[PDB]
$ cat start28.pdb   # PDB, N, CA, C and O atoms
ATOM      1  N   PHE A   1       1.052   5.558  14.046  1.00  0.00           N
ATOM      2  CA  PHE A   1       0.559   5.328  12.658  1.00  0.00           C
ATOM      3  C   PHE A   1       1.688   4.788  11.777  1.00  0.00           C
ATOM      4  O   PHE A   1       1.685   4.952  10.573  1.00  0.00           O
ATOM      5  N   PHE A   2       2.658   4.147  12.369  1.00  0.00           N
ATOM      6  CA  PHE A   2       3.790   3.599  11.570  1.00  0.00           C
ATOM      7  C   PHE A   2       3.312   2.449  10.680  1.00  0.00           C
ATOM      8  O   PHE A   2       3.032   2.629   9.511  1.00  0.00           O
ATOM      9  N   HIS A   3       3.222   1.266  11.223  1.00  0.00           N
ATOM     10  CA  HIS A   3       2.769   0.102  10.408  1.00  0.00           C
ATOM     11  C   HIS A   3       1.292   0.253  10.032  1.00  0.00           C
ATOM     12  O   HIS A   3       0.833  -0.307   9.057  1.00  0.00           O
ATOM     13  N   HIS A   4       0.544   1.001  10.796  1.00  0.00           N
ATOM     14  CA  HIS A   4      -0.903   1.182  10.475  1.00  0.00           C
ATOM     15  C   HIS A   4      -1.063   1.863   9.128  1.00  0.00           C
ATOM     16  O   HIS A   4      -2.085   1.761   8.476  1.00  0.00           O
ATOM     17  N   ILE A   5      -0.061   2.557   8.706  1.00  0.00           N
ATOM     18  CA  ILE A   5      -0.137   3.255   7.403  1.00  0.00           C
ATOM     19  C   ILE A   5       0.752   2.549   6.405  1.00  0.00           C
ATOM     20  O   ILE A   5       0.381   2.332   5.270  1.00  0.00           O
ATOM     21  N   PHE A   6       1.910   2.150   6.823  1.00  0.00           N
ATOM     22  CA  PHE A   6       2.792   1.411   5.885  1.00  0.00           C
ATOM     23  C   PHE A   6       1.949   0.303   5.269  1.00  0.00           C
ATOM     24  O   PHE A   6       2.154  -0.113   4.149  1.00  0.00           O
ATOM     25  N   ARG A   7       0.963  -0.134   6.003  1.00  0.00           N
ATOM     26  CA  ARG A   7       0.044  -1.167   5.492  1.00  0.00           C
ATOM     27  C   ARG A   7      -1.088  -0.462   4.745  1.00  0.00           C
ATOM     28  O   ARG A   7      -1.632  -0.976   3.789  1.00  0.00           O
ATOM     29  N   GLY A   8      -1.436   0.730   5.172  1.00  0.00           N
ATOM     30  CA  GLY A   8      -2.518   1.476   4.475  1.00  0.00           C
ATOM     31  C   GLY A   8      -1.987   2.020   3.145  1.00  0.00           C
ATOM     32  O   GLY A   8      -2.695   2.063   2.159  1.00  0.00           O
ATOM     33  N   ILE A   9      -0.745   2.436   3.111  1.00  0.00           N
ATOM     34  CA  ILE A   9      -0.166   2.981   1.846  1.00  0.00           C
ATOM     35  C   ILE A   9       0.330   1.846   0.949  1.00  0.00           C
ATOM     36  O   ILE A   9       0.124   1.849  -0.247  1.00  0.00           O
ATOM     37  N   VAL A  10       0.987   0.877   1.515  1.00  0.00           N
ATOM     38  CA  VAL A  10       1.495  -0.254   0.686  1.00  0.00           C
ATOM     39  C   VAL A  10       0.341  -0.872  -0.106  1.00  0.00           C
ATOM     40  O   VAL A  10       0.345  -0.878  -1.321  1.00  0.00           O
ATOM     41  N   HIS A  11      -0.649  -1.386   0.568  1.00  0.00           N
ATOM     42  CA  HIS A  11      -1.800  -1.992  -0.156  1.00  0.00           C
ATOM     43  C   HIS A  11      -2.303  -1.030  -1.229  1.00  0.00           C
ATOM     44  O   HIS A  11      -2.261  -1.319  -2.409  1.00  0.00           O
ATOM     45  N   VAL A  12      -2.773   0.116  -0.827  1.00  0.00           N
ATOM     46  CA  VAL A  12      -3.271   1.105  -1.825  1.00  0.00           C
ATOM     47  C   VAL A  12      -2.201   1.338  -2.891  1.00  0.00           C
ATOM     48  O   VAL A  12      -2.475   1.336  -4.076  1.00  0.00           O
ATOM     49  N   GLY A  13      -0.976   1.525  -2.478  1.00  0.00           N
ATOM     50  CA  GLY A  13       0.113   1.742  -3.466  1.00  0.00           C
ATOM     51  C   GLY A  13       0.220   0.507  -4.358  1.00  0.00           C
ATOM     52  O   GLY A  13       0.678   0.575  -5.481  1.00  0.00           O
ATOM     53  N   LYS A  14      -0.210  -0.625  -3.867  1.00  0.00           N
ATOM     54  CA  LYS A  14      -0.142  -1.861  -4.695  1.00  0.00           C
ATOM     55  C   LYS A  14      -1.316  -1.892  -5.664  1.00  0.00           C
ATOM     56  O   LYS A  14      -1.180  -2.258  -6.814  1.00  0.00           O
ATOM     57  N   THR A  15      -2.470  -1.494  -5.212  1.00  0.00           N
ATOM     58  CA  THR A  15      -3.650  -1.483  -6.115  1.00  0.00           C
ATOM     59  C   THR A  15      -3.280  -0.771  -7.417  1.00  0.00           C
ATOM     60  O   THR A  15      -3.881  -0.985  -8.449  1.00  0.00           O
ATOM     61  N   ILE A  16      -2.282   0.075  -7.373  1.00  0.00           N
ATOM     62  CA  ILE A  16      -1.862   0.797  -8.608  1.00  0.00           C
ATOM     63  C   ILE A  16      -0.876  -0.046  -9.399  1.00  0.00           C
ATOM     64  O   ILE A  16      -1.093  -0.325 -10.548  1.00  0.00           O
ATOM     65  N   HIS A  17       0.200  -0.463  -8.808  1.00  0.00           N
ATOM     66  CA  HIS A  17       1.165  -1.296  -9.575  1.00  0.00           C
ATOM     67  C   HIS A  17       0.411  -2.376 -10.340  1.00  0.00           C
ATOM     68  O   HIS A  17       0.659  -2.615 -11.502  1.00  0.00           O
ATOM     69  N   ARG A  18      -0.519  -3.024  -9.700  1.00  0.00           N
ATOM     70  CA  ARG A  18      -1.292  -4.075 -10.408  1.00  0.00           C
ATOM     71  C   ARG A  18      -2.254  -3.406 -11.375  1.00  0.00           C
ATOM     72  O   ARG A  18      -2.326  -3.751 -12.538  1.00  0.00           O
ATOM     73  N   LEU A  19      -2.976  -2.430 -10.911  1.00  0.00           N
ATOM     74  CA  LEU A  19      -3.904  -1.721 -11.821  1.00  0.00           C
ATOM     75  C   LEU A  19      -3.089  -1.057 -12.929  1.00  0.00           C
ATOM     76  O   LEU A  19      -3.617  -0.665 -13.950  1.00  0.00           O
ATOM     77  N   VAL A  20      -1.799  -0.923 -12.734  1.00  0.00           N
ATOM     78  CA  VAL A  20      -0.964  -0.274 -13.791  1.00  0.00           C
ATOM     79  C   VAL A  20      -0.172  -1.324 -14.576  1.00  0.00           C
ATOM     80  O   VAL A  20      -0.030  -1.235 -15.780  1.00  0.00           O
ATOM     81  N   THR A  21       0.343  -2.313 -13.909  1.00  0.00           N
ATOM     82  CA  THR A  21       1.121  -3.364 -14.624  1.00  0.00           C
ATOM     83  C   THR A  21       0.244  -4.038 -15.684  1.00  0.00           C
ATOM     84  O   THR A  21       0.728  -4.747 -16.544  1.00  0.00           O
ATOM     85  N   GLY A  22      -1.044  -3.823 -15.631  1.00  0.00           N
ATOM     86  CA  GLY A  22      -1.946  -4.451 -16.636  1.00  0.00           C
ATOM     87  C   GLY A  22      -3.274  -4.819 -15.973  1.00  0.00           C
ATOM     88  O   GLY A  22      -4.149  -3.970 -15.930  1.00  0.00           O
TER      89      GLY A  22
END
$ encode --input "start28.pdb" --output "structure tokens"
Amino acid sequence: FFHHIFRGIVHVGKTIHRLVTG
């Protein structure tokens, strides 16, 4: 579950930076 999650957390973690950056 290394890259399978780094990709699962990164994307989701990104939905916030963008949903938060504005």
$ atom_distance --input "start28.pdb" --atom1 "atom CA of residue A:19" --atom2 "atom N of residue A:1"
27.3 Å
$ atom_distance --input "start28.pdb" --atom1 "atom O of residue A:21" --atom2 "atom O of residue A:6"
21.3 Å
$ atom_distance --input "start28.pdb" --atom1 "atom C of residue A:3" --atom2 "atom C of residue A:15"
18.1 Å
$ decode --input "start28.pdb" --residues "chain A" --atoms "N, CA and C atoms" --output "PDB file, in the first residue's frame"
ATOM      1  N   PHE A   1       0.853  -1.224   0.000  1.00  0.00           N
ATOM      2  CA  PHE A   1       0.000   0.000   0.000  1.00  0.00           C
ATOM      3  C   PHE A   1       0.875   1.255   0.000  1.00  0.00           C
ATOM      4  N   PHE A   2       2.077   1.151  -0.498  1.00  0.00           N
ATOM      5  CA  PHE A   2       2.980   2.335  -0.525  1.00  0.00           C
ATOM      6  C   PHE A   2       2.457   3.389  -1.504  1.00  0.00           C
ATOM      7  N   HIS A   3       2.747   3.233  -2.766  1.00  0.00           N
ATOM      8  CA  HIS A   3       2.271   4.229  -3.771  1.00  0.00           C
ATOM      9  C   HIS A   3       0.747   4.160  -3.914  1.00  0.00           C
ATOM     10  N   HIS A   4       0.157   3.043  -3.593  1.00  0.00           N
ATOM     11  CA  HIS A   4      -1.326   2.922  -3.714  1.00  0.00           C
ATOM     12  C   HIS A   4      -2.013   3.908  -2.786  1.00  0.00           C
ATOM     13  N   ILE A   5      -1.328   4.330  -1.778  1.00  0.00           N
ATOM     14  CA  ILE A   5      -1.926   5.292  -0.825  1.00  0.00           C
ATOM     15  C   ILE A   5      -1.284   6.647  -1.014  1.00  0.00           C
ATOM     16  N   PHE A   6      -0.002   6.675  -1.194  1.00  0.00           N
ATOM     17  CA  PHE A   6       0.658   7.983  -1.429  1.00  0.00           C
ATOM     18  C   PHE A   6      -0.129   8.680  -2.529  1.00  0.00           C
ATOM     19  N   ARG A   7      -0.747   7.897  -3.369  1.00  0.00           N
ATOM     20  CA  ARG A   7      -1.585   8.457  -4.445  1.00  0.00           C
ATOM     21  C   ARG A   7      -2.998   8.643  -3.891  1.00  0.00           C
ATOM     22  N   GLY A   8      -3.396   7.797  -2.970  1.00  0.00           N
ATOM     23  CA  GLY A   8      -4.754   7.938  -2.377  1.00  0.00           C
ATOM     24  C   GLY A   8      -4.766   9.123  -1.406  1.00  0.00           C
ATOM     25  N   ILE A   9      -3.688   9.333  -0.692  1.00  0.00           N
ATOM     26  CA  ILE A   9      -3.634  10.471   0.276  1.00  0.00           C
ATOM     27  C   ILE A   9      -3.253  11.768  -0.438  1.00  0.00           C
ATOM     28  N   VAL A  10      -2.295  11.711  -1.316  1.00  0.00           N
ATOM     29  CA  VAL A  10      -1.883  12.947  -2.040  1.00  0.00           C
ATOM     30  C   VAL A  10      -3.100  13.579  -2.718  1.00  0.00           C
ATOM     31  N   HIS A  11      -3.727  12.873  -3.617  1.00  0.00           N
ATOM     32  CA  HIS A  11      -4.922  13.439  -4.300  1.00  0.00           C
ATOM     33  C   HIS A  11      -5.893  14.002  -3.265  1.00  0.00           C
ATOM     34  N   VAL A  12      -6.406  13.162  -2.412  1.00  0.00           N
ATOM     35  CA  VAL A  12      -7.353  13.649  -1.369  1.00  0.00           C
ATOM     36  C   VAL A  12      -6.725  14.822  -0.616  1.00  0.00           C
ATOM     37  N   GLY A  13      -5.484  14.689  -0.230  1.00  0.00           N
ATOM     38  CA  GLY A  13      -4.812  15.799   0.494  1.00  0.00           C
ATOM     39  C   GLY A  13      -4.776  17.026  -0.415  1.00  0.00           C
ATOM     40  N   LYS A  14      -4.828  16.819  -1.704  1.00  0.00           N
ATOM     41  CA  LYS A  14      -4.808  17.978  -2.639  1.00  0.00           C
ATOM     42  C   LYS A  14      -6.202  18.585  -2.730  1.00  0.00           C
ATOM     43  N   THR A  15      -7.209  17.760  -2.763  1.00  0.00           N
ATOM     44  CA  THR A  15      -8.594  18.293  -2.832  1.00  0.00           C
ATOM     45  C   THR A  15      -8.776  19.360  -1.752  1.00  0.00           C
ATOM     46  N   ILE A  16      -7.977  19.307  -0.717  1.00  0.00           N
ATOM     47  CA  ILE A  16      -8.094  20.321   0.369  1.00  0.00           C
ATOM     48  C   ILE A  16      -7.272  21.554   0.026  1.00  0.00           C
ATOM     49  N   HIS A  17      -6.011  21.407  -0.234  1.00  0.00           N
ATOM     50  CA  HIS A  17      -5.203  22.608  -0.578  1.00  0.00           C
ATOM     51  C   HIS A  17      -5.959  23.457  -1.593  1.00  0.00           C
ATOM     52  N   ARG A  18      -6.516  22.838  -2.594  1.00  0.00           N
ATOM     53  CA  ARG A  18      -7.276  23.621  -3.600  1.00  0.00           C
ATOM     54  C   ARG A  18      -8.593  24.062  -2.982  1.00  0.00           C
ATOM     55  N   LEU A  19      -9.292  23.156  -2.367  1.00  0.00           N
ATOM     56  CA  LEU A  19     -10.566  23.542  -1.718  1.00  0.00           C
ATOM     57  C   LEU A  19     -10.264  24.556  -0.617  1.00  0.00           C
ATOM     58  N   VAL A  20      -9.021  24.657  -0.210  1.00  0.00           N
ATOM     59  CA  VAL A  20      -8.682  25.633   0.870  1.00  0.00           C
ATOM     60  C   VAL A  20      -8.004  26.876   0.283  1.00  0.00           C
ATOM     61  N   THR A  21      -7.144  26.697  -0.675  1.00  0.00           N
ATOM     62  CA  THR A  21      -6.458  27.872  -1.283  1.00  0.00           C
ATOM     63  C   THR A  21      -7.490  28.835  -1.878  1.00  0.00           C
ATOM     64  N   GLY A  22      -8.714  28.400  -2.018  1.00  0.00           N
ATOM     65  CA  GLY A  22      -9.760  29.292  -2.588  1.00  0.00           C
ATOM     66  C   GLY A  22     -10.732  28.467  -3.435  1.00  0.00           C
TER      67      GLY A  22
END
